[PDB]
Amino acid sequence: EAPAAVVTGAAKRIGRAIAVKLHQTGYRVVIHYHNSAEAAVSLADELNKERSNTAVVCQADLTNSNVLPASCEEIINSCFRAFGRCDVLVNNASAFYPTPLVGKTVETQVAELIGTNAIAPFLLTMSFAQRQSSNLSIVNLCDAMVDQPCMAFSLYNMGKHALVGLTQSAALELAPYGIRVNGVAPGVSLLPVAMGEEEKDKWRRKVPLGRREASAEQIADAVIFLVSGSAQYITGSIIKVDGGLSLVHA
Amino acid sequence: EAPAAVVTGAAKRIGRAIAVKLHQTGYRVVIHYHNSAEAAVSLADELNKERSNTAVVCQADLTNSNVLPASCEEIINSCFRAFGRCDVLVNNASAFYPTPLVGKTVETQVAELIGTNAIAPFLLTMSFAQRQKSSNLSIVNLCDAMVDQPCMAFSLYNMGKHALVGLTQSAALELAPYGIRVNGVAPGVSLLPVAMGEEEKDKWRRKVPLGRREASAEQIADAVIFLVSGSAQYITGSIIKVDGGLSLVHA
Amino acid sequence: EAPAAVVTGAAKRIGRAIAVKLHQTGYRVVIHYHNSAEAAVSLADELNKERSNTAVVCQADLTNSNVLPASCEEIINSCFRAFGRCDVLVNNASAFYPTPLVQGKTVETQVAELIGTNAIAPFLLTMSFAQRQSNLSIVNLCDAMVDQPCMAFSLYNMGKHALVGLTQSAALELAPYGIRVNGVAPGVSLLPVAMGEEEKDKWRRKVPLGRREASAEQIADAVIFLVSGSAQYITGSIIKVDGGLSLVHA
Amino acid sequence: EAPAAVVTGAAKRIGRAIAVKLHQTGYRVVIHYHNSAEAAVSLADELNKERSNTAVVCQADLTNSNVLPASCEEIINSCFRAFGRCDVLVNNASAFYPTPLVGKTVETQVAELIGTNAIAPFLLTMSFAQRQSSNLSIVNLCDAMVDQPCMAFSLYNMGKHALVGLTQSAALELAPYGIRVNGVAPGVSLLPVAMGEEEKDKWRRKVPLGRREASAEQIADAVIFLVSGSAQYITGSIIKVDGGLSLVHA
Ligand SMILES: NC(=O)c1ccc[n+]([C@@H]2O[C@H](COP(=O)([O-])OP(=O)(O)OC[C@H]3O[C@@H](n4cnc5c(N)ncnc54)[C@H](OP(=O)(O)O)[C@@H]3O)[C@@H](O)[C@H]2O)c1
Ligand SMILES: NC(=O)c1ccc[n+]([C@@H]2O[C@H](COP(=O)([O-])OP(=O)(O)OC[C@H]3O[C@@H](n4cnc5c(N)ncnc54)[C@H](OP(=O)(O)O)[C@@H]3O)[C@@H](O)[C@H]2O)c1
Ligand SMILES: NC(=O)c1ccc[n+]([C@@H]2O[C@H](COP(=O)([O-])OP(=O)(O)OC[C@H]3O[C@@H](n4cnc5c(N)ncnc54)[C@H](OP(=O)(O)O)[C@@H]3O)[C@@H](O)[C@H]2O)c1
Ligand SMILES: NC(=O)c1ccc[n+]([C@@H]2O[C@H](COP(=O)([O-])OP(=O)(O)OC[C@H]3O[C@@H](n4cnc5c(N)ncnc54)[C@H](OP(=O)(O)O)[C@@H]3O)[C@@H](O)[C@H]2O)c1
Ligand SMILES: Nc1nc2[nH]c(-c3ccc(Br)cc3)c(-c3ccccc3)c2c(=O)[nH]1
Ligand SMILES: Nc1nc2[nH]c(-c3ccc(Br)cc3)c(-c3ccccc3)c2c(=O)[nH]1
Ligand SMILES: Nc1nc2[nH]c(-c3ccc(Br)cc3)c(-c3ccccc3)c2c(=O)[nH]1
Ligand SMILES: Nc1nc2[nH]c(-c3ccc(Br)cc3)c(-c3ccccc3)c2c(=O)[nH]1
C-alpha cells in the first residue's frame, strides 16, 4: 500500500511541485489550499487520472485564530479519511508581505504571517503526531535568508525564525516515536507574481550559481530526499537550496 | 535631563535587576508587570526613595489578542506621559511552561507563549519607533542561549524565542536609519525558580563550565547595561550570550 | 564515459562506504589512502570485479608540509590519468585525537596533521580540482558538533571549523565555474576502533533518533544526494546526518 | 598591583586602540608587533610617559612554523618578565590578503594566513593557560562576516572560522581554571591603508547603522567590556561590532 502526504498551500508554485513529485514517487496526496480552489481541484484531477484515488483537496484558512487548532486537526483527519494513513506532512503554505515598523490591521497581519509560517505548522505537527516498516517525517519550508531578511518584513521573518525553532523542537520531541522533522530553505525561487520584472532581475542577479532563481522542481527535489529512505538518520536538519545566495555579503 | 527606559516584566527576578541597574545608571524607569503588583510597587517605592519621581509602574497582560497592540502602545505612552521621553525598551517579560506535542487550551498557550516572547516585543518595538519618527536610543530583547538546543516539550516557548531572534535582526536593520539600535542578551541558566528542588537546581548548575552555577540576575543585567551604553554605539543586531559556556556543552 | 570521483581516506569506514556507493551509482573512483594500502587495494579489487577498470588507488600523506600542495595536485592528476576527467571530490580523510591546552607528537606535528587533514589539504585539493577543469561538485565531511566540541580537541575542532569556512568560501568563488561545494556533517557515526565498548554505548545513548550511531552507508546517502542531479541548485550547504544529536542540550 | 595584558599586532590601528584602552583602564601592556617597530615603540613611549614602566614592546613573527610554539611561549614569558603576571591576552594580529582558488608560495600563504589568524592564537592560549582575586580572560578578534566572506579570501576565512572554533573549544576547556574566552567581531572598521577613498566609501555605504565604519575605539570598547568584571559570566561568546552589516542581504 502507498504512503500518504499532506502538502499545505499545494495548489500553486512550490507546493504544487512538491505534491507532484511526492505523487510520482508513490504517495497519495492531500492537496491543501486556501483561495486557489480551481487550481487545487485541477491538480487532483491530473494526479488521479494518472493513478485512481490518489489525491483529494482540502480547504482551510491557516491564519491564527482560536479555531486554527480545529482546522489543522481536520486537515490531518482528511488524510486519514481519504487514505487510511498519513506518513508525510509538508508545511509549505505561507503569507508573505511587508509589515513596516514605522489597510489590514496589525492584529490581522500578526495572525496571517505568524499563523501560516509558524502556528499552523506547530498545530499540524501536533495533530500529525497524535494520530499515529514505516518512514514518517515532516518537512517545513523555511527560508535560507532567515538571518539576512528583507527590509520591513519583520512579522514574516519572525514566523520563519519560529519555524526553525519548531523544526528543531519537534525533531527532538518526536524522535522517540520515529518521526523525523526537517527543513528545506529556498533563497530565491519562483518570484512573487505581483513583483515587477526589474525587481525580479535584481533578485536573479544576486545568485552566485547561475544568476537565476531555483525552479519549484529543484526545491521539491530536496523535499523528496528528506522524506526518502536515504534520509533515515536525518532529523532536525535544514537544507538550503539557494545557489549560494545566503553566502553573499552586501 | 535623565533618559528613560521601559522594562517589561520588571517586578521580579531578571527584569527587576535590569530596572534597578538602569536606575543606578541614571535612567528613569517604567516598571511593567502583569500579576506581581505588590513587587512592582515595592520596587517603584525603593527607587523613588533613591531619586524622587524617577519610577512608575504599568500593568498589562502581554498575551496575544485583538487588544495587544493597544496595550503595547499604552505602555510606551505611559513612559512619555511620565518622563517626556523613551530612550530604552527592554523586552524581558516571558511565559515559560511546557506544551507537549503528544487546563489551558492550546490556542491560549499559543497566545501566551508567542504573545509574551515575540508578538508583544514586536508591537512594543513598533510603538517605540513610531514615537521616535546625540541621543542613544536602543532596544534590548531577552533571548535564550539555548535557543537551538531546546528544552524537551517546550516547542511554543522555543518558537517564541526563535521569533524574537528574527525580530532583533529585522528591527536592527529597519530602525538603523533612525539611529535606534536593537540587540539581545541570551541567558543560559539564570536565577533558578526558588520553588524548584535544590537537587533539580544542582542538575542544571553542574552543567555550566564556568563555575558550575547559574547566572545571577545582576550578571544578566550587566550585559543589558553594556548594550544600552555609549560603549555599544556601533553594536546592533547582536545577541550576547551570558551563559557560562553552557551552550557549548554537548549532550 | 562514466563520471569520476576522488574520495580521500577511502580505504575504511565512512570513506569506504562513500566510494562504494559512488561506484554503485555509476562513478569510477580514486580510492585515496595513507597507511591502509591493503584495505584500499581490496576495495579496488572488489569494485573492479563488478566493473573492470573503474577503481584505482592513490597514496598520500595529507599532513600539512612543503610538499602537501604537490601531493594534492597529484591526487587530482591521478583521477585525470586513470579516467580522463574528475567530476567529484570528497574530502573525507581526517586525523582525530585530543590536543589538551594544559598539560608522543610535538604540538607543531599535531597542528600539521589535524589542521592539514581537516582543512589545508581540502583547500589544496579544491584548488587543484578547480584549476584542472556536466555536474561538478565537491563534498566536505564536516562535523555536526562543530559548535559543541569534544573536550580537549581544540585543534581538531579548529580544523573542522576551517572546513566550514572553506565549504562556504569555495562555494561562493567556484559557483561561476558551475562547481558546487557542499558538506555532510555526521554527529556520531562509526565509533573509533580504539574506543572501549562502554564508552561507545555512552555515545549511542545521546542520539535522540534511535539511540544508535549512523551507519557509514547513511552518511554516504547524503553524499550521493549532494553530488546528484537532484541537488543542482544546492551549494554552500552543510547537511547534518546526526539523528538530532546537535539539538540536545547538556 | 595592576593587571597586565598582552595585545598582539598592537603597534597600530585596532590593536593599538585596544592596548590604549586597556592602559587607560589601568592595565600594564605588552605591545606585540612584527614589522611596525617604529610605531610600536612610539606607542609604548606615550604610554610610559603617562605611567612609567607600564608598557613594553615584544617582537615576533606569528607565521606558522615549527618554532611558532616557542615564539608564542616567549610572548607570554615577556609579560611575566616585565610585569610579574599576565591577566589578559588579546589575539588581534592578522594577515589579510587574497588567495584565489583558480610573490608568495601557497605554502607561505597557508603559514601566514592560518598561522596569524588561528594557530598562533591557539599556541598563545596554551602558553597563557599553562603559566597561571583574578579576572583572567582571552579575547580573540574575529570577523562578523565569517559566513558571508570576501570573494577569493578562502585561507583568511578558513583562519577566522578556526578562530571561532578555538574561542569555543578554549572557553569550554579553560572554564575550570576561571579563564574566560570570548571574541569581538568587527564587520567594517578601519579600512585597509592601501584602499583608496572610493573603495572605502563602497564598504561604508553597506553599513545600516550610519553608513560608516566602526572606529578603532568602538572595537576596543567591546574588548574592555569582555575583560571587565561586568562580563564575569560571559565565556564562549562572540560579540559582533558591525553596525548591522552581517544582517544585510546581497
Ligand atoms: N518563492 C521563494 O523564493 C521562497 C523563498 C524563501 C522561502 N520560500 C518558502 O517556500 C514556501 C513556498 O513558497 P511559494 O513562493 O511557493 O509560496 P507562495 O506562493 O507565496 O504561497 C503558497 C501558498 O500559501 C497559501 N496561503 C497563503 N496564506 C494562507 C492562509 N492564510 N491560509 C492558508 N494558506 C495560505 C496560499 O494558498 P492559496 O493560493 O490556495 O490561497 C499560497 O498559494 C513558502 O513557505 C515560502 O515561505 C519561498
Ligand atoms: N531564568 C533563566 O534561566 C532564563 C533562561 C533563558 C532565558 N531567559 C529569559 O530571560 C528573561 C527573564 O527571565 P526570568 O526567569 O526573570 O523571567 P520569568 O520570571 O519567567 O518571568 C518574568 C516575568 O514575565 C512576566 N509575564 C509572564 N507572563 C506574562 C504575560 N502574559 N503578560 C505580561 N507579563 C508576563 C511575569 O510578570 P508578573 O510576575 O508581573 O506576572 C514574570 O514575573 C525571559 O525573557 C526569559 O525567557 C531566562
Ligand atoms: N566517525 C564519526 O562518527 C564522525 C563524526 C563526525 C565527523 N566525522 C567525519 O567524517 C569523516 C569520516 O570519518 P571516519 O570516522 O570514517 O574517519 P577516520 O576513520 O577517523 O579516518 C578516516 C581516514 O582518514 C585518513 N587519514 C588520517 N590521517 C591522515 C593523514 N595524515 N593523511 C592522509 N589520510 C589520513 C586515514 O587513512 P588511512 O587509514 O589510509 O591511514 C583514515 O582511515 C571524517 O572527516 C570525520 O571527521 C566522522
Ligand atoms: N579592520 C577591519 O575592519 C576588520 C574587519 C574584520 C575583522 N577585523 C579583525 O580585527 C583585527 C584587527 O584588524 P586591523 O585591521 O587592525 O588589523 P591589520 O591592520 O590588518 O593587522 C594588525 C596587525 O597584524 C600584524 N601581523 C600581520 N602579519 C603578521 C605576522 N606574520 N606575524 C605577526 N603579526 C602580524 C601586523 O603587525 P606589524 O604591523 O607589526 O607587522 C599588523 O599591524 C584583526 O584580527 C582583523 O582580522 C578587522
Ligand atoms: N511565501 C513566500 N515566502 C517568500 N519568502 C521569500 C524571500 C526571498 C528573499 C528574502 Br531576503 C526573504 C524572503 C519570497 C521571495 C521570493 C522571490 C523574491 C523575493 C521574495 C517569498 C515568496 O514569494 N513567497
Ligand atoms: N521566562 C523564562 N524563560 C526561561 N527559559 C528557561 C530555560 C531556557 C532554556 C533551557 Br535548555 C532551559 C530553561 C528558564 C529556566 C531555566 C532553568 C530552570 C528553569 C527555567 C526560564 C525561566 O525560568 N523563565
Ligand atoms: N576523523 C574522525 N572525526 C571524528 N569526529 C568525531 C566526533 C564525534 C562527536 C563529537 Br562532540 C566530536 C567529534 C568522531 C567520533 C565518532 C564517534 C564517537 C566519538 C567521536 C570522529 C572520528 O571517529 N573520526
Ligand atoms: N587583518 C584584517 N582582517 C580584515 N578582515 C576584513 C574584512 C571585512 C569584511 C569582510 Br566581507 C571580510 C573581511 C578586513 C577589512 C576591513 C575593511 C574593509 C574591507 C576589509 C580586514 C583588515 O583590514 N585587516
# chains A, B, ... in the order shown; residues from 1 in each chain; ligands from 1
>>> residues_near_ligand(ligand="ligand 1", cutoff="8 Å", atoms="only C-alpha atoms and all ligand atoms", output="ChimeraX atom specification")
/A:8-16,32-37,40,59-63,91-96,112-113,115-117,140-145,160,185-192,213-214,216
>>> interface_residues(of="chain A", to="chain B", cutoff="7 Å", atoms="only C-alpha atoms", output="number ranges by chain")
A: 66, 101-102, 107, 126, 129-130, 149, 151-152, 154, 157-159, 161-163, 165-166, 169-170, 173
>>> write_last_selection(atoms="N, CA and C atoms", output="PDB file, in the first residue's frame")
ATOM      1  N   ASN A  66      -8.652  31.138  17.204  1.00  0.00           N
ATOM      2  CA  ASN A  66      -8.981  30.121  18.200  1.00  0.00           C
ATOM      3  C   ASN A  66      -9.492  28.841  17.559  1.00  0.00           C
ATOM      4  N   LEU A 101       7.698  48.758  10.533  1.00  0.00           N
ATOM      5  CA  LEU A 101       7.634  49.093  11.936  1.00  0.00           C
ATOM      6  C   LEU A 101       7.198  50.536  12.156  1.00  0.00           C
ATOM      7  N   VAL A 102       7.437  51.377  11.151  1.00  0.00           N
ATOM      8  CA  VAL A 102       7.091  52.805  11.229  1.00  0.00           C
ATOM      9  C   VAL A 102       6.097  53.155  10.115  1.00  0.00           C
ATOM     10  N   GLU A 107      -3.296  43.449  13.993  1.00  0.00           N
ATOM     11  CA  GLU A 107      -3.685  42.150  14.565  1.00  0.00           C
ATOM     12  C   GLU A 107      -3.955  41.126  13.455  1.00  0.00           C
ATOM     13  N   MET A 126       1.409  18.773  15.670  1.00  0.00           N
ATOM     14  CA  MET A 126       0.743  18.187  16.855  1.00  0.00           C
ATOM     15  C   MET A 126      -0.278  17.136  16.409  1.00  0.00           C
ATOM     16  N   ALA A 129       1.335  13.956  14.846  1.00  0.00           N
ATOM     17  CA  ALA A 129       1.948  13.023  15.782  1.00  0.00           C
ATOM     18  C   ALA A 129       0.893  12.298  16.591  1.00  0.00           C
ATOM     19  N   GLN A 130      -0.178  13.014  16.945  1.00  0.00           N
ATOM     20  CA  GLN A 130      -1.187  12.428  17.814  1.00  0.00           C
ATOM     21  C   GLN A 130      -1.912  11.340  17.082  1.00  0.00           C
ATOM     22  N   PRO A 149      17.359  39.246   6.445  1.00  0.00           N
ATOM     23  CA  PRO A 149      15.983  39.342   5.956  1.00  0.00           C
ATOM     24  C   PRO A 149      15.703  40.508   5.030  1.00  0.00           C
ATOM     25  N   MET A 151      13.973  43.903   3.955  1.00  0.00           N
ATOM     26  CA  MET A 151      13.637  45.110   4.704  1.00  0.00           C
ATOM     27  C   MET A 151      12.127  45.216   4.963  1.00  0.00           C
ATOM     28  N   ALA A 152      11.728  45.454   6.205  1.00  0.00           N
ATOM     29  CA  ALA A 152      10.312  45.692   6.533  1.00  0.00           C
ATOM     30  C   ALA A 152       9.395  44.453   6.516  1.00  0.00           C
ATOM     31  N   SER A 154       9.335  42.179   9.063  1.00  0.00           N
ATOM     32  CA  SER A 154       9.651  41.631  10.377  1.00  0.00           C
ATOM     33  C   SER A 154       8.682  40.521  10.850  1.00  0.00           C
ATOM     34  N   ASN A 157       9.433  37.346   8.889  1.00  0.00           N
ATOM     35  CA  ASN A 157      10.750  36.809   9.291  1.00  0.00           C
ATOM     36  C   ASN A 157      10.636  36.204  10.673  1.00  0.00           C
ATOM     37  N   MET A 158       9.853  36.822  11.557  1.00  0.00           N
ATOM     38  CA  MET A 158       9.640  36.218  12.881  1.00  0.00           C
ATOM     39  C   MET A 158       8.963  34.826  12.759  1.00  0.00           C
ATOM     40  N   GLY A 159       8.025  34.702  11.818  1.00  0.00           N
ATOM     41  CA  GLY A 159       7.386  33.418  11.546  1.00  0.00           C
ATOM     42  C   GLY A 159       8.359  32.383  11.067  1.00  0.00           C
ATOM     43  N   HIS A 161      11.648  32.375  11.525  1.00  0.00           N
ATOM     44  CA  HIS A 161      12.567  32.045  12.590  1.00  0.00           C
ATOM     45  C   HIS A 161      11.924  31.078  13.552  1.00  0.00           C
ATOM     46  N   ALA A 162      10.646  31.324  13.875  1.00  0.00           N
ATOM     47  CA  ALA A 162       9.873  30.408  14.720  1.00  0.00           C
ATOM     48  C   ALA A 162       9.782  29.019  14.134  1.00  0.00           C
ATOM     49  N   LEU A 163       9.709  28.953  12.811  1.00  0.00           N
ATOM     50  CA  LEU A 163       9.638  27.678  12.113  1.00  0.00           C
ATOM     51  C   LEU A 163      10.932  26.849  12.233  1.00  0.00           C
ATOM     52  N   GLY A 165      12.808  27.056  14.928  1.00  0.00           N
ATOM     53  CA  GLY A 165      12.623  26.552  16.310  1.00  0.00           C
ATOM     54  C   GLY A 165      11.729  25.338  16.371  1.00  0.00           C
ATOM     55  N   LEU A 166      10.648  25.346  15.606  1.00  0.00           N
ATOM     56  CA  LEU A 166       9.728  24.224  15.565  1.00  0.00           C
ATOM     57  C   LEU A 166      10.387  23.007  14.960  1.00  0.00           C
ATOM     58  N   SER A 169      12.723  21.674  17.724  1.00  0.00           N
ATOM     59  CA  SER A 169      11.992  21.222  18.931  1.00  0.00           C
ATOM     60  C   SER A 169      11.229  19.944  18.656  1.00  0.00           C
ATOM     61  N   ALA A 170      10.566  19.906  17.493  1.00  0.00           N
ATOM     62  CA  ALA A 170       9.789  18.743  17.111  1.00  0.00           C
ATOM     63  C   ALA A 170      10.681  17.596  16.673  1.00  0.00           C
ATOM     64  N   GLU A 173      11.587  16.121  20.058  1.00  0.00           N
ATOM     65  CA  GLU A 173      10.499  15.562  20.896  1.00  0.00           C
ATOM     66  C   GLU A 173       9.853  14.344  20.238  1.00  0.00           C
TER      67      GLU A 173
END
>>> interface_residues(of="chain D", to="chain A", cutoff="12 Å", atoms="only C-alpha atoms", output="PyMOL selection string")
chain D and resi 144-151+187-188+202-208+244-250
>>> closest_atom_pairs(of="chain B", to="chain C", cutoff="12 Å", atoms="only C-alpha atoms", output="CSV")
residue,atom,partner,partner_atom,distance
B:145,CA,C:249,CA,10.6
B:146,CA,C:249,CA,7.4
B:147,CA,C:247,CA,9.5
B:148,CA,C:247,CA,6.3
B:149,CA,C:247,CA,4.6
B:150,CA,C:249,CA,6.8
B:151,CA,C:249,CA,7.4
B:152,CA,C:248,CA,8.9
B:188,CA,C:249,CA,10.7
B:189,CA,C:250,CA,11.5
B:203,CA,C:250,CA,10.0
B:204,CA,C:250,CA,8.6
B:205,CA,C:250,CA,10.7
B:206,CA,C:250,CA,9.6
B:207,CA,C:250,CA,6.2
B:208,CA,C:250,CA,8.7
B:209,CA,C:250,CA,10.5
B:245,CA,C:148,CA,10.0
B:246,CA,C:250,CA,7.3
B:247,CA,C:249,CA,7.2
B:248,CA,C:148,CA,4.5
B:249,CA,C:148,CA,5.4
B:250,CA,C:148,CA,5.0
B:251,CA,C:250,CA,4.4
>>> write_last_selection(atoms="N, CA and C atoms", output="compact mmCIF listing (two decimals), in the first residue's frame")
# COMPACT_ATOMS: atom_id res chain seq x y z
N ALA B 145 20.12 31.50 25.33
CA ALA B 145 21.38 30.95 24.80
C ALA B 145 21.18 29.57 24.23
N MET B 146 20.18 28.90 24.76
CA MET B 146 19.83 27.56 24.39
C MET B 146 18.74 27.47 23.32
N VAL B 147 18.61 28.51 22.48
CA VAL B 147 17.55 28.57 21.52
C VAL B 147 17.61 27.45 20.46
N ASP B 148 18.81 26.95 20.18
CA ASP B 148 19.00 25.87 19.22
C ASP B 148 19.27 24.53 19.87
N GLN B 149 19.14 24.49 21.18
CA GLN B 149 19.25 23.27 21.97
C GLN B 149 18.11 23.28 22.99
N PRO B 150 16.91 23.14 22.50
CA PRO B 150 15.74 23.46 23.29
C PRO B 150 15.44 22.45 24.41
N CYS B 151 14.78 22.93 25.43
CA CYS B 151 14.21 22.06 26.44
C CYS B 151 13.12 21.13 25.82
N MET B 152 13.14 19.87 26.18
CA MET B 152 12.13 18.91 25.70
C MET B 152 10.69 19.37 26.00
N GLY B 188 21.61 31.76 29.78
CA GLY B 188 21.59 30.30 29.63
C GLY B 188 20.75 29.68 30.73
N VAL B 189 21.38 29.50 31.89
CA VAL B 189 20.63 29.22 33.09
C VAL B 189 20.91 30.30 34.10
N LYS B 203 21.32 19.80 39.21
CA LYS B 203 21.48 19.10 37.92
C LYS B 203 21.80 20.14 36.85
N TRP B 204 21.09 21.25 36.85
CA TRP B 204 21.37 22.36 35.91
C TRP B 204 22.74 23.03 36.21
N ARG B 205 22.94 23.41 37.46
CA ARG B 205 24.19 24.04 37.84
C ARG B 205 25.42 23.24 37.44
N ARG B 206 25.36 21.93 37.62
CA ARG B 206 26.50 21.08 37.32
C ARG B 206 26.89 21.09 35.85
N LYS B 207 26.00 21.52 34.97
CA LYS B 207 26.29 21.52 33.52
C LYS B 207 27.12 22.75 33.06
N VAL B 208 27.16 23.81 33.88
CA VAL B 208 27.76 25.07 33.47
C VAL B 208 29.29 25.01 33.68
N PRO B 209 30.06 25.07 32.57
CA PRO B 209 31.52 25.04 32.67
C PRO B 209 32.06 26.13 33.61
N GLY B 245 29.24 29.36 29.29
CA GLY B 245 29.67 28.29 28.40
C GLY B 245 28.67 27.15 28.21
N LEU B 246 27.50 27.22 28.87
CA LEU B 246 26.51 26.12 28.84
C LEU B 246 26.16 25.66 27.41
N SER B 247 25.97 26.62 26.48
CA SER B 247 25.57 26.29 25.14
C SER B 247 26.62 25.57 24.32
N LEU B 248 27.84 25.52 24.82
CA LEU B 248 28.96 24.85 24.10
C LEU B 248 29.10 23.38 24.48
N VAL B 249 28.31 23.00 25.47
CA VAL B 249 28.40 21.66 26.08
C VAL B 249 27.53 20.60 25.35
N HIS B 250 28.14 19.61 24.75
CA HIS B 250 27.39 18.60 24.04
C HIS B 250 26.66 17.68 25.05
N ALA B 251 25.73 16.87 24.55
CA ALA B 251 24.87 16.04 25.43
C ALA B 251 25.72 15.00 26.12
>>> select_by_dssp(residues="region 29-186 of chain C", states="strand (DSSP E or B)", output="ChimeraX atom specification")
/C:29-33,55-59,88-91,137-141,180-186
>>> atom_distance(atom1="atom 15 (O, counted along the ligand's line) of ligand 2", atom2="CA of residue 77 (chain B)")
26.1 Å
>>> residues_near_ligand(ligand="ligand 3", cutoff="6 Å", atoms="only C-alpha atoms and all ligand atoms", output="MDAnalysis selection string")
chainID C and resid 9 11:15 33:36 60:63 92:96 113 117 141:143 186:191
>>> interface_residues(of="chain C", to="chain D", cutoff="9 Å", atoms="only C-alpha atoms", output="PyMOL selection string")
chain C and resi 64-69+100-103+107-109+111+119-120+123-124+126-128+130-131+146-155+157-166+168-170+172-174
>>> atom_distance(atom1="CA of residue 74 (chain D)", atom2="CA of residue 6 (chain D)")
11.6 Å
>>> residues_around(residues="residue 243 (chain C)", least_positions_apart="3", cutoff="6 Å", atoms="only C-alpha atoms", output="list in words")
residues 233, 234 and 235 of chain A; 207 and 209 of chain C
>>> write_last_selection(atoms="C-alpha atoms", output="short mmCIF file (atom, residue, chain, number, x, y, z; two decimals), in the first residue's frame")
data_model
loop_
_atom_site.label_atom_id
_atom_site.label_comp_id
_atom_site.auth_asym_id
_atom_site.auth_seq_id
_atom_site.Cartn_x
_atom_site.Cartn_y
_atom_site.Cartn_z
CA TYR A 233 19.15 9.26 10.12
CA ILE A 234 18.41 12.87 9.24
CA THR A 235 16.33 14.83 11.69
CA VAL C 207 21.28 10.17 19.99
CA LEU C 209 16.67 9.21 16.81
#
